Amino acid sequence: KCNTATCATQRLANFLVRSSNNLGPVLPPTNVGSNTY
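Residues numbered from 1 in each chain as written, not as in the entry; some residues may be left out. Heavy atoms only, no water.

What the entry reports as its method is solution NMR.

*Asks:* So what exactly am I meant to see when it comes to the overall build of the chain here?
*Replies:* Each helix and strand in the chain was counted, giving two helices and zero strands. Across the 37 residues of the chain, 8% fall into the buried class. Accessible area of the chain: about 3600 Å², with a carbon and sulfur share of 55%. (Helix = DSSP H or I, 4+ residues; strand = E, 2+ residues; numbered from the N terminus. Buried < 20%, exposed > 50% of the residue type's maximum accessible area, 1.4 Å probe, protein only. Areas by Shrake-Rupley, 256 points an atom, 1.4 Å probe, with all protein chains shown as cover.)

*Asks:* Got a minute to help me understand the state of the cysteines in this structure?
*Replies:* Such a bond, covalent and formed between the sulfur atoms of two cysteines, is termed a disulfide. In this structure the tally under the stated criterion is one disulfide. Through a disulfide, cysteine 2 is tied to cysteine 7; the S-S separation comes to 2.0 Å. Negative torsions about the S-S bond denote left-handed disulfides, and the value of about -85° found for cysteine 2 with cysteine 7 makes this one left-handed. Residue classification places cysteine 2 among the partly exposed residues on the basis of a relative accessible area of 47%. (Disulfide = S-S within 2.5 Å.)

*Asks:* Where do I start with the UniProt feature "disulfide bond" in the chain in this structure?
*Replies:* The disulfide annotated by UniProt between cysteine 2 and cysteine 7 is present in this model, the sulfur-sulfur separation being 2.0 Å. Taking the relative accessible area as the measure of exposure, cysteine 7 reaches 31% and is therefore partly exposed. (UniProt positions renumbered as here; feature names shortened; annotations may be inferred.)

*Asks:* Sorry, what's going on with a nonpolar patch on the surface here?
*Replies:* Taken together, the side chains of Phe15, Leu16 and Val17 define a hydrophobic patch exposed on the protein surface, amounting to about 310 Å² of accessible area. Structurally, the position occupied by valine 17 is in helix α1 (residues 5–17). (Patch = residues over 30% accessible without salt bridge, like charges linked within 9 Å, V, L, I, M, F, W, Y side chains within 5 Å. Salt bridge = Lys/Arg side-chain N within 4 Å of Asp/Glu carboxyl O.)

*Asks:* Would you mind going over the environment of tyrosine 37 with me for this structure?
*Replies:* Inspection of the secondary structure puts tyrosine 37 in the segment after α2 (20–23). Taking the C-alpha atoms as reference points, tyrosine 37 and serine 20, 17 residues apart in sequence, are found 24 Å from one another.

*Asks:* Mind showing me how you'd approach the environment of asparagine 14 here?
*Replies:* Considering the arrangement of structural elements, one finds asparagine 14 in helix α1. Between the alpha carbons of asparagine 14 and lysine 1 there is a distance of 15 Å; along the sequence they are 13 residues apart. Of the polar contacts made by the side chain of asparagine 14, one reaches the backbone oxygen of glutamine 10; its length is 3.1 Å. (Polar contact = N/O pair within 3.5 Å; in protein donor to acceptor, adjacent residues only side chain to side chain.)

This is the structure:
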């Protein structure tokens, strides 16, 4: 890192901010057919 975590984390921030992909707090697509069709 340079001084704090963000300077360093600026690259992994992605790893985490993008990590929300699996969580998917929301999903316009649909939420009733995710096991068959």
